[PDB]
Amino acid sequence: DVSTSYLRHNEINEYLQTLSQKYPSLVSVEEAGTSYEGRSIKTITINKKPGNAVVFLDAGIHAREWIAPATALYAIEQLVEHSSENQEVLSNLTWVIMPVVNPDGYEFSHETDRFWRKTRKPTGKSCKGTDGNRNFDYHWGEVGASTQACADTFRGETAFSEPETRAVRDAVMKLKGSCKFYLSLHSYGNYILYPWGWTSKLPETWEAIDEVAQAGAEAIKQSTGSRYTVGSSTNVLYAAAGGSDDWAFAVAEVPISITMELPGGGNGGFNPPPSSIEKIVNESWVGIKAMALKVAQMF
């Protein structure tokens, strides 16, 4: 079970490598890029078949949001190690999952500072790190992103200044029009949100995304009774430019683009105790599977 403890980055990549060896007909593991400090940013591709719609799922762009990589890892475990229980999202759907976008920051939050958020790439003489979810090149730097190098929402020296966000960009762009569902896992707050992050004006196809997002919230409510708030980002969060969901929607042209804020726990919300991981990732997968199924029915 990957849902009993928070895994370090090397354990995550070792788990992926094991899956690539154990399931060579179902799974391929590849390097999408290399972090600033030299760590391998890997994806796992599940059920690759010509003509399939692709779900791209990433997590761990923000270092301290530990329940998101755990949820991504649990999703991988269900789809790969329990595929017979998940055929409804494995017929015409291919999954590409990036369980940790920001391994340098993630490891730093384990070793030194539990509440670290950014990358670790130096930004000048005084501080290190960029907010990866303010670093994507769509209306970059226009609102809700700090210009201060040491702020936790620092937008970066330029758009896509971080190899970690370039890795997300390259991995998504490699799908060459086949990606129909982009899903980014964060914490915390129990929200299922969609573009625009940077403005309150609704996108023209917001209803299609809302249909998917409501399906995830509904499935979660029917499974555990937990409530999720669904809507366009600015309904819940103050406007911010440079998020990955905005970029996937507008630049990668992914019709369904969603950011999920996973349940909080522990004294900080970001740090549910390890004993609570299983129930959170189990419930989260219920919503994620239901959104993918809706996408599978639409494409």
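Note that residue numbering follows the sequence shown and begins at 1.
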* **Higher-B stretch (mean Cα B-factor, as the entry records it), 16-24 or 271-279** => 271-279
* To do: Could you check which stretch, 116-124 or 101-109, carries the larger mean CA temperature factor in the entry?
  => 116-124
* Whose CA atom has the top B-factor in the entry, of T43, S35, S244, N52? -> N52
* Structure fact -> Looking only at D137, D170, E207, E162, the Cα with the top B-factor belongs to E207
* Asked: Which third, lowest, middle or highest, does the CA B-factor of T94 fall in along this chain?
  -> middle
* **Record-listed C-alpha B factor of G177: chain third** => lowest
* To do: Sorting the chain's modelled residues by C-alpha B-factor, tell me whether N47 ends up in the lowest, middle or highest third.
  => middle
* Asked: Relative to the other modelled residues in the chain, which third contains the C-alpha temperature factor of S146: lowest, middle or highest?
  -> middle
* Structure fact -> Quick tally, chain-level thirds of C-alpha B-factors: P255 sits in the middle
